[PDB]
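Undergrad: Let me give you the structure first, and then I'll get to my questions.
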Number of protein chains: 2
Amino acid sequence: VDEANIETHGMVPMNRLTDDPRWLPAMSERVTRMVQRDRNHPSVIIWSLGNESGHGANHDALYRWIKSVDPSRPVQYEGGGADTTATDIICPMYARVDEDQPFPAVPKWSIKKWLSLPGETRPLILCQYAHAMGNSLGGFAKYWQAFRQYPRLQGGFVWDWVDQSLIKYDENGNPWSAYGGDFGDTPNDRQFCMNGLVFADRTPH
Amino acid sequence: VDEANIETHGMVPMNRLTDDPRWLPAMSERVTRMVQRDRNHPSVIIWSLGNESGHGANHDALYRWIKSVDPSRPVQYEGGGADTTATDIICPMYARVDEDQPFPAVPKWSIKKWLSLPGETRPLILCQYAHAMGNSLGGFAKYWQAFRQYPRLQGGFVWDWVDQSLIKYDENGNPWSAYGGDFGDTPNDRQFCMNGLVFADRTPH
Ligand code: NA
Ligand code: NA
Ligand code: NA
Ligand code: NA
């Protein structure tokens, strides 16, 4: 999945820049210039309009731009409820197998319920599931049971591969794995950079 | 649900008479004369082409006959896998909530999985579920949790209301409830006539 370098997660709402036409130029260069560079690679099967930036009208514009200039690949985008007009795939992040999380505007339905909502035609492939932060991947079996039972459940992408720990050296030059704040960075989100199936040195969890 | 007087369950295959054009006349008069008599009752919201008679080309013919003559009401029929071209409603009997029963030709999918199958848009209302024979209705709550969670699961009809017990009198003329074989009837299917939520005298189970 080749993803454009667009994330506006910290805007309030997440929509603020991606729905503004004054940001459509900046956003189009990050989508279009990706397609122009990577369009010949067979490994790329799906284009992504970015991550966690709500759902703005610029998303719908650039979705249709990709469709027009490269019909050979589906386009996906999770923002604004995972099933917007700018996605060919229902690509939720952390939608649970049986339990609904009915957040206002942007609900995370049961992946099994989500398929059968009236008028919903598309496959579902979680762009992110099974958050692997420390001692986790509890209930991972429950996804794959559901994946195998339901044809339109075609799997997902685990979040994620590598702990984003950095090496620091103490006063005597011993290396140790550091996370949020360990460099005087404030504010910070501490451990939440470490979500990997493997440690930073690629040792398996 | 107003249901035509057509069941050919014991034919091998169930399809045998309902696919035969020579039985289209006999079947048409059981469907058409039902509609002519009961088409003014507001209590009647759904027409049924019959019960357990497989899926024949006569079913499709009489389905279209009802659609043409009375658009007011959906038509449903369970025979030949509960999702045939002769039904507006996915009307399985004894489809389970979570577990598939993948019988060749006529599978009973999990009612939740059934809804999500590619191209399937219809509501699902079990024509028969929760077989209440003797000490039964185990797992009844599992259905209703699913009915409430899934919009396109719109419920079902329990099998069934009354024990088909009959009364016999002992040597003193005290009555007792009889079933299959209690009248010298052979062959017979014994207790299988008693499937009700109530006894024959309408005392609840
Ligand atoms: Na599957
Ligand atoms: Na993280
Ligand atoms: Na419902
Ligand atoms: Na029975």
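Chain B is numbered as in Swiss-Prot, which gives 411-615 for the residues shown.
Looks like X-ray crystallography, 2.8 Å, at least that's what the header says.
From the backbone N, Cα and C atoms, a Cβ is placed for every residue, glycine too.
The active site, proton donor annotation in Swiss-Prot covers B:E462, and the record cites experimental evidence as its basis. Residues or ranges marked as Mg(2+) 1 binding site in Swiss-Prot: B:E417, B:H419, B:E462. As annotated by Swiss-Prot, Mg(2+) 2 binding site applies to B:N598, with the evidence given as experimental evidence.
If you look at the structure here, what lies around each of the features I listed?
TA: Non-local contacts of B:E462 (active site, proton donor) by the CB criterion (under 8 A, 6+ apart in sequence, same chain) comprise B:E417, B:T418, B:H419, B:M424, B:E488, B:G489. Annotation note: B:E462 (active site, proton donor) sits in a coil segment as assigned by DSSP.
Reduced to three states, the DSSP call for B:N598 (Mg(2+) 2 binding site) is coil.
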Undergrad: How many neighbouring Cβ atoms, not counting its own, are there within 10 Å of the Cβ of B:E417 (Mg(2+) 1 binding site)?
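TA: B:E417 (Mg(2+) 1 binding site) is surrounded by 15 other Cβ atoms within 10 Å.
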Undergrad: Which of these binding-site residues has the least crowded Cβ, counting other Cβ atoms within 10 Å: B:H419, B:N598?
TA: B:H419
